[PDB]
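Only one chain comes next, encoded as structure tokens, the form deposited in one PDB entry.
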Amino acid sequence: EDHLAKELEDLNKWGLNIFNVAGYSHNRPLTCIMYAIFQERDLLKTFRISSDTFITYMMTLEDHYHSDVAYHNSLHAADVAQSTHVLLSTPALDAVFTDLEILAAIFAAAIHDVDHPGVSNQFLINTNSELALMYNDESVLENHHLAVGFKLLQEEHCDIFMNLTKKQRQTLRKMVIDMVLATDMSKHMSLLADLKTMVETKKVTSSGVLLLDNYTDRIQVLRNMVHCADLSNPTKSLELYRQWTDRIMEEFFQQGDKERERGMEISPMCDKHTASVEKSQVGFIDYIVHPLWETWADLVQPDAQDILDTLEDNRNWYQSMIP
């Protein structure tokens, strides 16, 4: 109600508590936060999208995330979308992207885990699930999330890119596909090397504004920018990071419980009788989150310093939660 408005004063800030907005939106953060972002960047105006259209798409999209799934529900889509919108406002990337590119980034972030079943690519491959067979075991869920996001834009009343050029809509679909595929954890390490080499060639202007040559350079930053938004939980306030931990931990144990019935080998971080939730978070920050965010901060320094502090802080709170 009036509390929703209060929370959207932080739409442009990293400090947005998305759990709160979900509460003041009839349990619909992704719609809310998507509407709120597009209005804020005038994307509805710049791209001839009717609110009527945009709302019905987002609602249908949002209803396609499983609400009975602990982490990969509509709330997480809403959060990557909002994070990506903050990251896109980072000073070291000012006016570096076209609005077409900006529009592709956020939309990507929003459909990026759509219709996620609560289990891993590995589980679906090992169980011979229909999705694995449909997708020949390569970036399975990521391919799917994309398939669904775009299948909904085919229904006339739902196509939000309907008033986009044919050239532009194609450039979009190509950028969006590229980005969602980049959120596959198995491509993480190679994608980290790509960001590292790019940082060693970091060219800018006098104003601490990076210079990107063509597509290759601009879609790589956007690739990694979404990837970091997806792995942004350990850089948020402590109060929101633990809520996110409990949510992913609960999805992972429930995956463990399905792996046990089946008598498949359980994946240690998915084992609810052996796994330290605390150790799981420390390693995730040491081997995955920090190396990424260190390189991102290097790319945009000093824009991400505040974020790196909080990362190394939360990290040590979790270290302390161990005997």
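The term rigid core refers to the most C-alpha atoms you can superpose between the two forms while keeping them within 1.5 Å. Shifts are known only where both forms have a C-alpha. One-based numbering along the sequence shown.
Just so it is clear, the following notes concern the form deposited in another entry, a form of the same protein that is not shown.
Asks: Just one of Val289, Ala36, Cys270, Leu61 has a C-alpha that shifts by 2 Å or more between the shown form and the other one on a rigid core fit; which is it?
Replies: Flagged residue: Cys270.
Asks: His72 to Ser267, Cα distance in the other form relative to here: closer or farther, by 3 Å or more?
Replies: Between the C-alphas of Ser267 and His72, the gap widens in the other form (3 Å or more compared with this form).
Asks: Considering a change of 3 Å or more, are the Cα atoms of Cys270 and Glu130 closer or farther in the other form than here?
Replies: The answer is farther, because the C-alphas of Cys270 and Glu130 separate from each other in the other form by 3 Å or more.
Asks: If you overlay the rigid core, what runs of at least 3 residues show Cα shifts of 2 angstroms or more between the shown form and the other one?
Replies: Core-superposed, the single displaced stretch is 261-271.
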